[PDB]
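Numbers restart at 1 for each chain; the letters A, B, ... are given by sequence-line order, proteins then strands. The figures here come from the full heavy-atom set of this structure, side chains too, leaving out hydrogens, waters and symmetry mates.
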Amino acid sequence: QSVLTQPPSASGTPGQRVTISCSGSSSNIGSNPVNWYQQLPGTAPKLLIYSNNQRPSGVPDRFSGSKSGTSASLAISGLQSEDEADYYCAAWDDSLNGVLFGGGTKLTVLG
Amino acid sequence: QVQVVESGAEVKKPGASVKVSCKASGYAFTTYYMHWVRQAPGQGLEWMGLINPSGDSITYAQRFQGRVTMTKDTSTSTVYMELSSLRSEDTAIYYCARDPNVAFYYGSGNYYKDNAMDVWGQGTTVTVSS
Amino acid sequence: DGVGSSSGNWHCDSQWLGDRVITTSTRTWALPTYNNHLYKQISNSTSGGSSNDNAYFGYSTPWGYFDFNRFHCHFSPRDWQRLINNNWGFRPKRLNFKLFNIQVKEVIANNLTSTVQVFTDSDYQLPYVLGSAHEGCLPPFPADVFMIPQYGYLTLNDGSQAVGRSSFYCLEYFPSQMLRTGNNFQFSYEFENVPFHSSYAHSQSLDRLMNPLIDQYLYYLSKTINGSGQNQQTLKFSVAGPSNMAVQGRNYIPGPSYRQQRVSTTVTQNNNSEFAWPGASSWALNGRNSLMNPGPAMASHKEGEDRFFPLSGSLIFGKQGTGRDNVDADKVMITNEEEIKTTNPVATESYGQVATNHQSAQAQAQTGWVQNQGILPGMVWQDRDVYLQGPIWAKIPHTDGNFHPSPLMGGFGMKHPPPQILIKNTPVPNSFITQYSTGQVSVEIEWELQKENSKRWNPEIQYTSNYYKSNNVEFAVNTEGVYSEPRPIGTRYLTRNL
Amino acid sequence: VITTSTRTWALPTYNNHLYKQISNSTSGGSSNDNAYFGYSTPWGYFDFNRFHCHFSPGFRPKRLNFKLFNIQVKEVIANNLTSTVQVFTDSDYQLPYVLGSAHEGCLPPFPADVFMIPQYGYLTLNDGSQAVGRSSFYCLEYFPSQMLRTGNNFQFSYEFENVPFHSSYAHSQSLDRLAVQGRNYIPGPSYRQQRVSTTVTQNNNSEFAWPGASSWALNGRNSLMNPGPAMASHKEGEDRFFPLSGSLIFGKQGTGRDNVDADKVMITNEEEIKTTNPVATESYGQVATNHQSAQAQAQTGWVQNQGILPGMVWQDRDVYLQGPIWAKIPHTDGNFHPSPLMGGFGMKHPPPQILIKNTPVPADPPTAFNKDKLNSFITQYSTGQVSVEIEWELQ
Amino acid sequence: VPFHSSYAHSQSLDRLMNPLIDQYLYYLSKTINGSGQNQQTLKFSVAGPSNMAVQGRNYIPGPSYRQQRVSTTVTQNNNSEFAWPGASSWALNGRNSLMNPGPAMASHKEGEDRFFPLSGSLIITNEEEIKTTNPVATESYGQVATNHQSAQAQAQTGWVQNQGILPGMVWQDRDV
C-alpha cells in the first residue's frame, strides 16, 4: 500500500527551470532520506542528489533537491539538451523493508 | 579508479537459474554495501536485494524472496546474484551498485541508513526465452 | 536461617507514583574464583608494554564486584519510554541492595559449609572503578544469568615500574559479612543531592531569543568607509533590528568548545589516510597523551548534516553479538548530541573569531579562529544526554577544586556515589578445592520526577516504536533466545523555552 | 530607594486580532545569519526594564508593584463603554521571554510623554525560513487572563529574587599595584575586539565592520560578539579608541535608524574597570610556545582569547541611566557568572512579562449562518494609566 | 575556608579505570583499509586494558598557562638572555606583569627533576605531587583539530598552549 509516484513525462526549453516531483507514503518519503538518480539512454543510472538535498561531488550546482512532508521534488535549472534523461526518485520503505523506486520521469527538451 | 565489472550477457529458458557476477576493484571490498537492481527493457528500475559490507546480513525484496540468493566473495572481490525458476518477465538488465553509506543515524524518530548508490556496474542483459 | 528455606524472593517491577518512580530489578549471578585466591601485581610489562601512553601499574584482586551503574539495569524499554516522554527531569534518591539465595558448588555438588564474603566500601577507601563505563553490569533482560566482573585497580606508575608513592590495597583488611546458604545480605544507600538531569530539548536557540518585531535601542557600526576610492573612511551606525539579527546585542553566549575532527559516514568523503589517532584531539598528563573522549558537551553536527560525527566526541555502543576489534560501522551505534545545538557550539566547528591585531591607516584588520574556548562569564550550556545503554552516575574525584562536576560521559556527578559492593568466595584448602558460587541480587532505586507544565499548543515529539511489520520485535528475543537492543534511546524529546 | 512612575499609554489592534507566522522569507529571505522563524501576536506587552523609567536625572531591586487603571476603550472616535481589555502576567515563565533583548518600547523617561505599547512576538527553532518538528507554537489566549471594562483595574506585586549588589564604585588600586613580583590574583578573561579610532584618518581605508568583527558561531550561524565579555574600552590616555563591538552605543534624541554619523550617537566607555580587567583591544598576555634548548631560542605567542583561570577577578559592566536593569537567565544545565553581558541583574525568575490586548468586537454578522471565523471587526483601541513601584535597596 | 590538602594522590586522573575489564564503548580505530588508492573505511574497537589512552573518561585535567622551561643544568639552556623576553605575562592597562607563580601546574615530568618553569614556581620548590590531576607547566595542554578533513585535505591539529576552565576539570592548588 506504499507507493512512489512521479509524472511520466516533463518538458522544458533550455535555460528554463524544470521541477520533477514524486509522491510517497508515510513509511518511505516521510520517514526516510530521498535520493535522485538520472539515467541517460543506454547507460547506467547516475546519482544526482542523496540525503534529500545533498549533492555528490562532481555533480553540477544547477540540480537541486527538496523534501516536504511525504512529497519529494527535484529541481533542474539552467536546462540543457544533455540534461534530458529518465529521472527516478528513490527512498527506503519501512513496510516493504527495502528500497523503492519511482516509476521514472522522462524529461524532454524542446527544439 | 573504482570499477564494477558486470558479467556477460546470457540467454536462459524458463525454469533455469542464472547467476550474475559483479567484480569490484580499486577500493576496499569489505567496506561497502552492494545493491542489485533490475530494469526491464522498457520499464523503470526495480530493487532486488542488498548485501552488507560483511556479507553476513542480506535483505531481499519481498517479490524475490525464496527465488533469489546473494553471496559475496572477499577473495576475488566478487558479489554474485542468484535468480531461479526464470520467467518471461524476468528478462531485464541487472545492475550492481556500490553503496558508500556505512552507518545508521539514530536521531529523534525512527533510525535510518541512507541507501544512495554512487557506483553502478555496466549491466548484464539476461533474456528468458524459448 | 536454614538450608531448606529461601532467604529472599524475586522482585522485578516498576512502580509509578506521582512525582517518583521505584525501579526494582532481580538477577541471577555466578561468582568464580579469580587469581586462584591471590593478589597479583599487574603491569603493561606483563602484557609487554608497547607504548608509553598505555603504560600502567596495578594489582588484580581475587574479589569480584557488582555493577548496576547502567540505566538498562533499572528500566525496561517500556518504562524508559514512559519516563522520557512524560518528564522534564529525573534523578536518583534512594538505593536498596539485597543479596540472597546463596549456593556454593564444588567440581558438581553442593557445599553446605562454604561461605561467601561480601562487604561495601562506604567510607570510599578503595579505588573507585565504577565510573569508567566498564562491562560487567547487570543484564538488561531479567532472564539472563551474568558472571560477576573481577575487581582490580591501578596506581602511580613510571613506565611499568611503581613509585614510592604508589599504594597497595588488601581487601582482606576490610571487615566483611560471611554468608552461607541460609544467610542473606542487604544495605540501604541515600543518593546525595544532585541536580535533575535535563530530559528535554530547547525550542529556542541562544541567538534567537529576541522579540522579532521590535528594534533594539543599541547601535552597531555599519560602515567604515563611504565608498570605493581613497581616504573614504567614515563612521556610520545602524541600529540593530529584526532585519539584521546577527549584530544585535545579547546578554548570554554559547558554552565552551574543544574542537573535534569530523568523520563522514559516507566513507568516500573521508581523506585517504590514517588519522584516527593522528588527527585526534587529546590532552596530556605527566607526558602521557589521552584521547579527548567523549570530551566537553557539544553538538555532534550542524543542522542538515547527519553524516558527520565528531571523531572522539560521541558515545558509541555496540550491537548485540558485535566483536571486540575493528568491526564494521553497521555493527555499532553512534549516538548524537544534536538536541544541544541551540545552546552549545558544534563540536567540529570553531567557537568563533577574534581580532588578532590593531588596524591602522597602514594595516588591515585581521581575525583568527578560536579552536578552543574555555569558560567565559555569560556562557550557558547543556550537559551531555544520558542513554538507556549509558552510565547513571560517576564519582567526582576528591580534589581541591573542580568546575561543573557533571561527568563527561553523562549522568549525575557525586562526591559520595553509591559504594562499591565487593564479593568473593572464601577459600577452602596453595592447594584449594575448586569452587564457585551463585545466587540472586535485587536492586531497588527510588527516582524523583519533574513534570512539564508546558503551554506549547502543537503536539510534541515522542519516542515511539515502529508501526510497520518486521521479522523480530524491537527490544525482544529472537528465535534463538537472544535479547538485543536495536538502538540507543536518548532522554530528550519534550521541549522547553530557552 | 523606592520609585513610583505613572504613564499614559495607547494600545491599538495588532495584526487585525490575528496570529501570524513570520520568517526571513516573509521579510524577503535575508541571509543565513539572519534566518529566523517565529510568530507575531495580536497581544502587546509592557516593558519598564530601563532605568530612566524609574529614575529622574551599591544598589539592587527588592520589591515590585504594578497597576493598570483608568481604562478607556475608544472606537474609530467615540467611547465604547461595553468593551473589555484583556491582561495577564506570565508568572510561570511559560512564554518566551523577550524583555532581556534591549528592545525599544520602554516607559519614556519623561513623565508627561504618552507612549505606544509594543507588539509581542517571539522566535523559535529554524532550519532556514522553515521550521523543524521541534519548533513550538504558543496561543496566548490559552493562558487565563483578567478582563477589564472602563471601571476595572489591574494590579499585582512581585518580589525580586536575591541578587548581588551592583558595583557602582571605581577602584583606587590596580591589580598589578596591590612588574616581576609574585601576585596572588590575575586579571579577568579576555576575548579580543578590533580597535576603532573616532578620528577617521587613523582607521584603515576599507570596509571591515562585519569582516573584521569578533563573532561566535552557533549551528552554523554567526552572531556578532556584542557587547561581549566586560573589558576596559581603551588604555589610559587614549580616549579615541573603542572596541568595534565591545561597548554599548546609545543614540542621541532624534537620531535616525540607518547610517547616522558618530555625532548622532553616545558611545559608552568602560575605562573605570581597567584596574581589574584587560583592555578589550589588547591581548591578554604572552605564553611560551616551545621548549628552549642549546639549539632553540625561547618563543612566545599572544593570547587573544583567554577563559577563566583560578585566581582571576573581574568587574562586571556598568549600568547606565538609559541601560537595562534585569535579564532572564536562560534555563540550562549550566552557566558561569550569569550576570548579563549588556549590564544589569541576571535572574532566573525576573520580573514577569505583562501581556495585554484589546478584546475583538465583531462587526455586523450575516443573517444566515456561516461556519467561517469572523474577519470583520470594529476599529477599536484602548488607553489608560500605568504605575510601577520598585523598592531599591542601596549599599 | 576549606581545609588545605596536605596529601598527594596515589592515582593519576587518566588511570582511574579497572585495568582488568573492557568498556562497553567503542572508538574509531582504523580509517583506511591500507596500501592503495580509495582505501577508506570505518573500523571500531572496544577500548580496554591493552589500549588505555583512547578510553572514555569522565574528568579532564585542570587549566594551563604555559611557562617557558628552564634547566638547572646551564649547558642545556640556549645562549641568550631570556629572563624577560621569553617570560609568560599578562597585560593590565598597557602594563606588562610577569605571571608569577601563575596557575598551579606540575613543575616537571616524572623522571626529569632538573627542569623548572621560569616564573612558574616559588623561589626552588617543585609542585611534582600535583601532576596526577594537573598538566605540566612547560607542556601544551593538548591538541585540537584545526580543519575539516575531506578527500582532498588531510586532518590537521594544533597545540593548546593555554586552556581555561572546562566543565569536568579537576585540579590541585599550590602547596603551602
Side-chain angles (χ1 to χ4, degrees), chain A residues 33-40 42-51 54-60 63 65 85-92 98-99 101, chain B residues 1-8 20-39 45-55 58-59 70-74 76-81 92-103 113-125, chain C residues 264-272 307 328-330, chain E residues 32-33 36-42 150-152:
Chain A
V34 188
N35 18 76
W36 288 92
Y37 296 97
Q38 173 208 73
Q39 178 189 43
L40 286 46
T43 57
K46 169 197 182 197
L47 180 76
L48 281 194
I49 303 283
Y50 75 92
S51 162
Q54 302 299 307
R55 217 167 41 252
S57 304
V59 175
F63 298 88
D86 278 21
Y87 293 84
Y88 300 79
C89 78
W92 182 265
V99 174
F101 290 95
Chain B
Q1 68 308 337
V2 182
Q3 71 182 5
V4 157
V5 176
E6 198 75 15
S7 179
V20 186
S21 50
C22 177
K23 181 180 177 181
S25 63
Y27 61 98
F29 202 44
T30 56
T31 299
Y32 313 66
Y33 286 85
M34 299 303 295
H35 294 278
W36 285 96
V37 50
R38 61 186 288 267
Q39 190 178 2
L45 295 173
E46 186 176 3
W47 183 85
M48 303 186 79
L50 168 62
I51 183 166
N52 67 341
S54 191
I58 305 178
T59 300
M70 292 175 181
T71 59
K72 185 174 180 178
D73 185 4
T74 61
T76 56
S77 294
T78 301
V79 181
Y80 303 83
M81 181 200 185
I93 298 170
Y94 293 86
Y95 296 99
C96 181
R98 192 191 71 190
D99 184 6
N101 304 143
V102 298
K113 193 186 76 64
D114 185 6
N115 275 127
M117 30 221 172
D118 57 11
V119 180
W120 290 68
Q122 92 291 350
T124 52
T125 300
Chain C
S264 177
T265 34
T266 303
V267 299
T268 193
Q269 294 179 339
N270 290 332
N271 190 74
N272 189 68
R307 65 187 182 279
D328 269 335
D330 61 6
Chain E
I32 61 177
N33 219 45
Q37 291 313 34
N38 313 289
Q39 292 314 121
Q40 290 169 331
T41 191
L42 279 311
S150 65
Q152 294 83 1

What distance separates [X] [atom1] from [Y] [atom2], expressed to the nearest 0.5 Å?
X	Y	atom1	atom2	result
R38(B)	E46(B)	CZ	CD	4.5 Å
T41(E)	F29(B)	OG1	CZ	13.5 Å
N272(C)	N33(E)	CG	CG	10.0 Å
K72(B)	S77(B)	NZ	OG	8.5 Å
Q39(A)	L48(A)	CD	CG	11.5 Å

In the structure I gave you, are the side-chain heavy atoms of [X] and [Y] within less than 4.5 Å of one another anywhere?
X	Y	answer
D118(B)	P56(A)	no
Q39(B)	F101(A)	no
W36(A)	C89(A)	yes
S264(C)	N270(C)	yes
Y95(B)	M117(B)	no
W36(B)	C96(B)	yes
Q40(E)	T31(B)	no
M70(B)	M34(B)	no

Which heavy atom of [X] sits nearest a heavy atom of [Y], and at what distance?
X	Y	answer
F63(A)	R55(A)	O-CD, 3.6 Å
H35(B)	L50(B)	CE1-CD1, 3.2 Å
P45(A)	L45(B)	CG-CD1, 3.7 Å
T43(A)	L40(A)	OG1-O, 2.8 Å
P100(B)	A116(B)	CD-O, 3.2 Å
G26(B)	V2(B)	O-CG2, 4.4 Å

Item checked: Residue list, side chain to side chain contact (heavy atoms under 4.5 Å, CB included) with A329(C), at least two apart or on another chain -> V102(B), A103(B), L42(E), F44(E)
Next item on the list: Let me see the working for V119(B) and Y32(B) under side-chain contact (heavy atoms from CB on, under 4.5 Å), right down to the final yes or no.
Entry: CA-CA 11 Å; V119(B) 180; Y32(B) 313 66; over 6 Å; no
Notebook entry, point to check: Within 45 degrees of the axis of the six-membered ring of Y27(B) and under 6.0 Å from its centre: does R98(B) put its NZ or CZ there?
Noted result: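 Geometry flag: set, cation within 6.0 Å and 45°.
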Checklist line | Whether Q39(E) side chain and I32(E) backbone form a donor-acceptor pair below 3.5 Å | finding: no
Notebook entry, point to check: Yes or no on side-chain contact (heavy atoms from CB on, under 4.5 Å) for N38(E) and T268(C), after CA distance, side-chain angles and deciding distance?
Noted result: CA-CA 8 Å; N38(E) 313 289; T268(C) 193; 5.5 Å; no
Next item on the list: Answer yes if the ring centres of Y37(A) and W120(B) are under 6.0 angstrom apart, and no otherwise.
Entry: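 Centroid distance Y37(A)-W120(B): below 6.0 Å, so yes.
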Notebook entry, point to check: Are any of the side-chain nitrogens in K113(B) or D99(B) under 4.0 Å away from the carboxylate oxygens of its partner?
Noted result: yes
Notebook entry, point to check: Which residue pairs pass the salt bridge (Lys or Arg N to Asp or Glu O under 4.0 Å) test when at least one of the two sits in residues 21-33 of chain B, sequence neighbours left out?
Noted result: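 Sorted pair list comes back empty.
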Notebook entry, point to check: Taking it one step at a time, do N35(A) and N115(B) satisfy side chain to side chain donor-acceptor pair (under 3.5 Å)?
Noted result: CA-CA 8 Å; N35(A) 18 76; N115(B) 275 127; over 6 Å; no
